[PDB]
Amino acid sequence: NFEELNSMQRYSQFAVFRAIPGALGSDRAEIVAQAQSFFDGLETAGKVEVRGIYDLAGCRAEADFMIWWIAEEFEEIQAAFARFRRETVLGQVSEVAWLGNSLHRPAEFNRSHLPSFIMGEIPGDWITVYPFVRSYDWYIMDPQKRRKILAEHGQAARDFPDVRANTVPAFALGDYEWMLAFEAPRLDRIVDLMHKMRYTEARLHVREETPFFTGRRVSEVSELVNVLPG
Amino acid sequence: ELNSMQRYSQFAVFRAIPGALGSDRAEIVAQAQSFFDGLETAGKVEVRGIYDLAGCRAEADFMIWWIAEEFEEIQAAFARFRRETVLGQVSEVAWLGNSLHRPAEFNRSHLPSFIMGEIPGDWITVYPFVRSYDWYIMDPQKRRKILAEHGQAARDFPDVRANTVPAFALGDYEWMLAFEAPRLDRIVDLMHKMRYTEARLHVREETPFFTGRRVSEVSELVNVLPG
Amino acid sequence: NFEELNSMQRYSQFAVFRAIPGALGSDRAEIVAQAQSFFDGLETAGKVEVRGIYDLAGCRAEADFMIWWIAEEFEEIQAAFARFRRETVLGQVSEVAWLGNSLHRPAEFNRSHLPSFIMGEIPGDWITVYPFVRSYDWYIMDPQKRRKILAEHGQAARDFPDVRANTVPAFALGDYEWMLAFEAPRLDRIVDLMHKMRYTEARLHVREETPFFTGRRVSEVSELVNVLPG
Amino acid sequence: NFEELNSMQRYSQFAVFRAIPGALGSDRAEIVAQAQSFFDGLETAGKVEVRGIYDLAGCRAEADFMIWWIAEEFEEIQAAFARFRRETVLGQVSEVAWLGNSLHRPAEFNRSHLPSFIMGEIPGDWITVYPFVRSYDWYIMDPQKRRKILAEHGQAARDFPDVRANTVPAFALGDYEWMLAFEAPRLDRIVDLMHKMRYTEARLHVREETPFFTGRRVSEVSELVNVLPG
Amino acid sequence: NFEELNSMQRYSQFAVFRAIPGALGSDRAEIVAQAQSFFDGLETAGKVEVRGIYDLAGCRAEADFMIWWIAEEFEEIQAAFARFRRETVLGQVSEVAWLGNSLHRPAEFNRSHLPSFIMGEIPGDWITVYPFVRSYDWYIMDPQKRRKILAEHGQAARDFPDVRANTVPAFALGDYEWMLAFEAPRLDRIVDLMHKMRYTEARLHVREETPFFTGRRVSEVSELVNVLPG
Ligand code: FEC
Ligand code: FEC
Ligand code: FEC
Ligand code: FEC
Ligand code: FEC
């Protein structure tokens, strides 16, 4: 129920990796098998929830893929992250490019606004993830003005019920105030959402929102491993 | 009327690794041409040009502009270029400029030169764009008037073809721009003249720029490189 | 005791390191032995006090661990820092990511505001460290007004007495004005403090506050070295 | 009026290079000879004119030397630049640090303002080169107001007839709007000119003007190559 | 007023280097003797005056030591800087991190304000060096208002006569407008001067003032060399 989801403690991490040319090679059948064994086991221990593994090929220089994983305790993401890097070839041959950490919290004025992953909704086939930093004046602004700006913001999104939002505090978990993730069945709906949301007063209260990471949720880690540069 | 076309457009900018190509490039070239010839036959990814960027900027050397109906088709081609060709193996990705063609806000005959199927220019400049935060909540007929005046400022440059394409959430930018022309100086002069527009008061970012010359085949580009 | 505490000379440095991929390897026993013998040697010399060694796993690309050490004279930190880099393999196989240097001073208006490390408090199990730079107008502002803004800033932290603050001048010891460290028993307390502190007039007088370094205090250097990426 | 000189087509490129420590060694006589041959070859083909080679030792980190060369067609500079890198050991043992490209055009108002290199003046013994970006409002501003401002700007340079300006459009040849190069017999004259030009209304209409490259024109390649780190 | 010291021509460079890990090793006595011979050779040549060599250990990532040297002609510094890098093993195993160049000039209003090094003062045991860039409106402000702001700025330092100032033009000698160095018997007085100088109206007319380089003047090259990482 809706207090329970608001009260829930869940850290969420987007871990973006870059491939190291030369490191992976071209014989990957066992690398694939080992990495799926690693995640299947994660799934079985029941502490870290891998919401998706995303192929970011062609999104940006210096990034190749992303793991989205979630846990009640940050220490459990730290452990999974450390093990991935140490106990799988995939993690050994990849560089950490960027880490987006966040912690679920009740929204300020609308307690029915909850991240897709907290709602337990099926993850979308396509995602864009990016951090966010608000104006300096945003939180100390008169609350009723912020409230109406956020209301208008939400109404501007109503044309996109198929795009699921995740707006999550990120204070002191890195350099940002929020971790944003939008999930959708087609990437053009994510592009068009971002374009439409420019038409809102809330854009007057924005300081940072890059880097973006956009890509395709793989059905299984084979699809990712097999595309990476060797 | 309504040109249907959904198209994604990517500018993939690569940096040559000094000392990686060396002097025996003929197998590298032949392998690279076979990759590109193979893309043409599959018929999903159209390569509008390969560009020599030599001398434009440090840390960039060449650029691939290819276009497809689904972004996953460009991901596969881009991944395949880097994975299965030595040319892709001995280069570094410097920058990726991604976009998705959409209709213009006000004037529905404003269409990118590649969507129109027009001949690619001998010379190209490519760069990203981010408007000021106040731009899209501006009164709509004001923004319409500004964009129309901005368009008029280019009438002396019919030989420069424009490509202004949404890039929201495909990277760090809002628009992907490419101007194609038969001579580089027409591009320099167009950008200079377009500064004399009210639209310039509503800009936040427009770098990095990539400017260079369209080559006829891979051989022409690869023989230029420092390797 | 507040006058002696306010008049004391103490430099504080946060030395943030990253591990060089491929440098540590599997045989790490001499490295740990040599490492703790370095830190034991520091404690017996009695000059440089290690408040904590912290594992920053999961926090950000390009940083893996942090040392927090304190000394009456900066040249003693210089000597300890250089010795770590020069005479330990752990320091030899690590890259310096960032240094946050500071010198304790009395606060401007409230002289009972003192860093936890100066108060001799037990360090917290979790930490976040970040530099701070005020707006150009902050110091030349009317003192009554800056004083009232700072008192409201302090009151906004009223529900986080378990989060211990260290706000320490950093002028001319790097690119910053202040070095901040917040110490707590659980990470979520740190995140929520930062979130609530956004609702303050002080936020209209801020220029820079990144990068952030967040992680967990380890009980000894053994626990750190065996967690690091290989 | 200067109608022919205003109408000529000339691209101008500043190619800045960084020496790779350890790459040259100390047996440089043949590296020099090969480099001299390459510049000999460019004179002979008559398409690319080298106005100067500059020793930038001590100006800034990560640059060591610069070539200023000029051609009617950009592709002639492209070919010669690429050939320097690909077909001489000096270019092979150097990294490109930064490129500043430009294309001469008539001035907006004072058509007697023409680059030193376009006028055919002897190149100065000392040079400073930097790119330039005007404020967003500069070109859409009322022409009468921009004309007044540029008139005051030219007048502020009245005491420096010995410092020769090259103010050359750079739109779409890079990240900048103008390429600036100031040539003089003495470096102090350039420092003093730059200082004096801060006293102009035009400074209220500036957005970017770094990096700077300042250095000493050499007589021949041997003078530069013998300076470089081995 | 101080006409001859105000009239004289001196270029001043701060040359900051970072050690290259792995390069120096543990065999250093002959590296030191050679470097001392190179510095002896400079003093006997009588053109380049080394005011100090500074241990920067622990100040910031990617910097380790600094040379401060001074000469009537900038090509003399260029030659010494290049000879250091090319012909001493210490120069060869070091990377240039940052260069801060400047040219002495008379102050705008107070001709009794002169750099410590121009006045022939013994160098301080501790230094902080940093570049500076004023606001775009600073130089075109009414001169009587800028004069008053600078006089109040000077008065704010009245309590720190022990911290000696060098405020030197840097236009066209890099990316900045001024090169600042503050030298003192004690580091803590430098920190406190910087803090106190925030309480000035001049602070409303600042654009840039980083990177900072802070450290201790060594008596002998051996003192520096023996602390660097191997
Ligand atoms: C996209 C996008 C961005 C980033 C780009 C931009 O700046 O526009 C974006 C930015 C943010 C940011 C920060 C916050 C954090 C709160 C703050 O104080 O900023 C943030 C927070 C909220 N958003 Fe937001 N958003 N957002 C959607 C998409 C985007 N949103 C869609 C879609 C919906 C609608 C679907 C849903 O509610 O789940 C939606 C609604 C809300 C609500 C609920 C509003 C209401 O009361 O109606 C809250 C709270
Ligand atoms: C160059 C250049 C830039 C970037 C530099 C600058 O800011 O000046 C530049 C920037 C943009 C940007 C963003 C947009 C996207 C819409 C927005 O809301 O920004 C953007 C959009 C439009 N542009 Fe634009 N431009 N632009 C041309 C060149 C440049 N344009 C030339 C040439 C023509 C002439 C027509 C053609 O040949 O296609 C032209 C016309 C249009 C029209 C059609 C307007 C009309 O006539 O009603 C639309 C829509
Ligand atoms: C968190 C955080 C930041 C950075 C983020 C932000 O800007 O909100 C933050 C920023 C700063 C900065 C700079 C300064 C330095 C003085 C200045 O002129 O900025 C700075 C200085 C002070 N803080 Fe501060 N803080 N701060 C706390 C947490 C944060 N603080 C908590 C908790 C408490 C309460 C507990 C305690 O005093 O120990 C607290 C109180 C004070 C007091 C005492 C106030 C009083 O008289 O009531 C002074 C002085
Ligand atoms: C130095 C310096 C800078 C960069 C730093 C700053 O912004 O102060 C500097 C910046 C620029 C820039 C961009 C432009 C390009 C036009 C624009 O629209 O900005 C630019 C353009 C002009 N400048 Fe300029 N300058 N500048 C000189 C030095 C500097 N100038 C000296 C010397 C002379 C005088 C000698 C000569 O005519 O050749 C001089 C004169 C002119 C004239 C002719 C004006 C006149 O005399 O009526 C034009 C046009
Ligand atoms: C520290 C510090 C900074 C940088 C931080 C800040 O912005 O406060 C700092 C910044 C600058 C900068 C640029 C300039 C260059 C001129 C300009 O137009 O900015 C610059 C120039 C001057 N400073 Fe300055 N300073 N400064 C001192 C310390 C600092 N100063 C101390 C100490 C004294 C006093 C001792 C002395 O005269 O040498 C002192 C005084 C002067 C005078 C003499 C003023 C007078 O009484 O008429 C001039 C001229």
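Residue numbers (PDB author numbering), protein chains in the order written: chain D, 6 to 235; chain E, 9 to 235; chain C, 6 to 235; chain B, 6 to 235; chain A, 6 to 235. We put the beta carbon where it would ideally sit given N, CA and C, even for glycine.
Report buried or exposed for residue i, applying the criterion of at least 16 other Cβ atoms within 10 angstroms of its Cβ.
| i | result |
| --- | --- |
| residue 5 of chain E | The question about residue 5 of chain E has no answer here: the residues shown for chain E are numbered 9 through 235. |
| D/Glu225 | exposed |
| C/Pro148 | exposed |
| C/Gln160 | exposed |
| C/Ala76 | buried |
| A/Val211 | exposed |
| residue 240 of chain C | No information on residue 240 of chain C is available, as it lies outside the stretch 6 to 235 that chain C covers here. |
| E/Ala24 | buried |
| C/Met124 | exposed |
| D/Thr219 | buried |
| B/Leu178 | buried |
| B/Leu209 | exposed |
| D/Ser17 | buried |
| B/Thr93 | buried |
Would you list the residues sitting across from residue i in a DSSP beta bridge?
| i | result |
| --- | --- |
| B/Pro174 | B/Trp183 |
| A/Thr215 | Looking at the DSSP assignment, A/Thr215 forms no beta bridge with any residue, so it has no partner. |
| B/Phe70 | B/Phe22, B/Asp60 |
| B/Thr49 | Paired residues: none, contrary to the question. |
| E/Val138 | E/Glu213 |
| C/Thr93 | In the DSSP output, where bridge partners are listed per residue, C/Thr93 has none listed. |
| A/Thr133 | A/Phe187, A/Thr219 |
Just to confirm my understanding: we take residue i, look at its own chain, exclude 5 residues before and 5 after, and list those with CB closer than 7 Å. What are they?
| i | result |
| --- | --- |
| C/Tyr181 | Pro136, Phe137, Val138, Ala175 |
| C/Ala162 | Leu198, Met202 |
| C/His118 | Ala112 |
| D/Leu95 | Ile36, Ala40, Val230 |
| A/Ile195 | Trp131, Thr133, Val168, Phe187, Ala189 |
| D/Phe217 | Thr133, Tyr135 |
| D/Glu100 | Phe22, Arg23, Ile25 |
Between the Cα of residue i and the Cα atoms of the options, which residue gives the shortest distance?
| i | options | result |
| --- | --- | --- |
| C/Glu54 | C/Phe22, C/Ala84, C/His210, C/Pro166 | C/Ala84 |
| E/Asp197 | E/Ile127, E/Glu35, E/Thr133 | E/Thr133 |
| D/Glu113 | D/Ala156, D/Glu100, D/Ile127 | D/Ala156 |
| A/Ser31 | C/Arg194, C/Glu228, C/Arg90 | C/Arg90 |
| B/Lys52 | B/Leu61, B/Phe70, B/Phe79 | B/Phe79 |
| C/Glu228 | C/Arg56, C/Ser12, C/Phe70 | C/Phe70 |
| A/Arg15 | A/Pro120, A/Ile195, A/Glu213 | A/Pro120 |
| D/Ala189 | D/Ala50, D/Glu48, D/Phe122 | D/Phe122 |
| D/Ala102 | C/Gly63, C/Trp103, C/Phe7, C/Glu8 | C/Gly63 |
| A/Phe19 | A/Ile82, A/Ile154, A/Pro234, A/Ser140 | A/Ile82 |
Can you list, in chain order, the residues of its chain with a C-beta nearer than 6 Å to that of residue i? Leave out the 5 residues immediately preceding and following it.
| i | result |
| --- | --- |
| E/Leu185 | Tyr135, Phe137, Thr172 |
| A/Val98 | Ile25, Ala28, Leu29 |
| B/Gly57 | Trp73, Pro128, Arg222 |
| C/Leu104 | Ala20 |
Comparing the CB of residue i with every heavy atom of ligand 6, is any distance shorter than 7 Å?
| i | result |
| --- | --- |
| C/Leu155 | Ligand 6 is not among the ligands present in this structure, which contains only ligand 1, ligand 2, ligand 3, ligand 4 and ligand 5. |
inquiry  = With a threshold of 8 Å, are at least 3 pairs of Cβ atoms found where one atom belongs to the segment 193–205 of chain A and the other to the segment 144–157 of chain C?
reply    = Yes: the two stretches touch, three or more of their Cβ pairs being nearer than 8 Å.
ask   = Given 8 Å as the limit, is there contact between the segment 41–48 of chain E and the segment 105–122 of chain E, that is, 3 or more CB pairs closer than that?
value = Pairwise C-beta distances place the segment 41–48 of chain E out of contact with the segment 105–122 of chain E, as fewer than three of them are shorter than 8 Å.
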